[PDB]
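Here the structure is laid out as structure tokens; the discussion comes afterwards.
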Amino acid sequence: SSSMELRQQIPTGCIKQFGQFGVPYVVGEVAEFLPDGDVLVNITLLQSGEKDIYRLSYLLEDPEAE
Amino acid sequence: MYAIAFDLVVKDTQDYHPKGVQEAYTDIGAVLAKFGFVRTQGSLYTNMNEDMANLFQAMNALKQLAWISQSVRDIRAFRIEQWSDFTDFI
Amino acid sequence: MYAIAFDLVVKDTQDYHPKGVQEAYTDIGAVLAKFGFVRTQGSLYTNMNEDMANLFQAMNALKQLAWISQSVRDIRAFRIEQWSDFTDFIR
């Protein structure tokens, strides 16, 4: 919880995917530091090019895009 | 052949879905499984049954999810002919 | 209206594409755009000029990519004979 210790946890560059049935996305950098504790990560959906925003707590649990 | 194609808003889906966004995408496939639509692109589900009253009930089943109304970016149906796979990649 | 849909194996594309997966997506789209196929709703590249000969010229152009063969999961073309949009969920 240092704003480094948080940031060095978002795997910027990883190409993950929302579930077994979700679309793949690419992990951006920080968007906001929510007081819940976790962080809003900037994200761009790979196959549509849409940019979006995602909780890091959710992010770290999705699998790698296959 | 019929297709359903859709996109969720990820910020909206996480806020509104009870469980994750993972859960949203997995939920939808299961509803669309009730009416013959298999996942073929993650954002494109196909059924090969051109009955419209199937689509209709499938769409109505999808509108039953309370979070869809607040979290979908876009959702489309279309009627697909001349489905064609390419494998001249050697 | 014709549509092209495609998926790439992500590990394989990272190996063989000289830059990366997000450029392999963009670079494939560059080709398809040379044949009027353009993505407007996410993930589907559509043309609306239903000339089968043009679609084939694009698949032909596509194999001209060094890394495509070893880094493509799926690619499919098909016809969208009719479509309709859904905003009855926003209700």
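Cα axis of helix B:52-62 to longest principal axis of chain B: angle in degrees, 0 to 90, nearest 10? The angle comes out near 30 degrees.
Applied to segment C:80-91, the Karplus parametrisation 6.51 cos²θ - 1.76 cosθ + 1.60 on θ = phi - 60° returns per-residue 3J(HN,Hα) values of 9, 5, 5, 8, 8, 9, 10, 10, 6, 6, 3, 6 Hz, with x for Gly and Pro. For peptide C:72-85, the mean count of partner chain Cβ atoms within 10 Å of a residue's Cβ comes to 6.
Charge tally around residue C:9: other residues with Cβ under 13 Å, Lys/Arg +1 each, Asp/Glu -1 each, net -4. Where only DSSP H runs of four or more residues are counted, chain B gives -11000 deg cm²/dmol as its mean residue ellipticity at 222 nm, each run worth -39500 (n - 2.57).
About the centre of its Cα atoms, the protein assembly as shown shows a dipole size close to 220 debye [charges on the beta carbon of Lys, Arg (+1) and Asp, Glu (-1) only; nearest 20 debye]. What is the percent of Cα-Cα separations in chain A that go past 14 Å? More than 14 Å apart: 52 percent of the Cα pairs in chain A. As I understand it, the value is the acute angle between the Cα axis of helix B:21-33 and the longest principal axis of the Cα atoms of chain B; what does it come to in degrees, rounded to 10? It is inclined by approximately 50 degrees. Here segment A:7-59 is assigned +1 on the Cβ of each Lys and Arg and -1 on the Cβ of each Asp and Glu. Its dipole about the Cα centre then comes out at about 140 debye.
Here the convex hull built on the C-alpha positions of chain C has a volume of 104 cubic angstrom per residue. With a 10 Å cut-off around each Cβ of A:19-32, the average count of Cβ atoms from other chains is 5.
Among B:24, C:20, C:35, whose Cα projects farthest towards the positive end of the dipole of the protein assembly as shown, with charges put on the beta-carbon of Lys, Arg (+1) and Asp, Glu (-1)? Projecting each Cα onto the dipole axis, the largest value belongs to C:35. Among the listed pairs B:19/C:19; A:51/B:63; B:11/B:63; B:63/C:11; A:51/C:63; C:11/C:63, a Cα-Cα separation exceeding 27 Å is found for B:19/C:19; B:63/C:11; A:51/C:63. If you wrap the Cα atoms of the protein assembly as shown in a convex hull and average its projected area over all directions, you get 13.6 nm².
Positions of Cβ are generated from backbone atoms using ideal geometry, with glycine treated the same way; all protein chains shown enter the neighbour counts. Coordinate-derived values only; no laboratory data.
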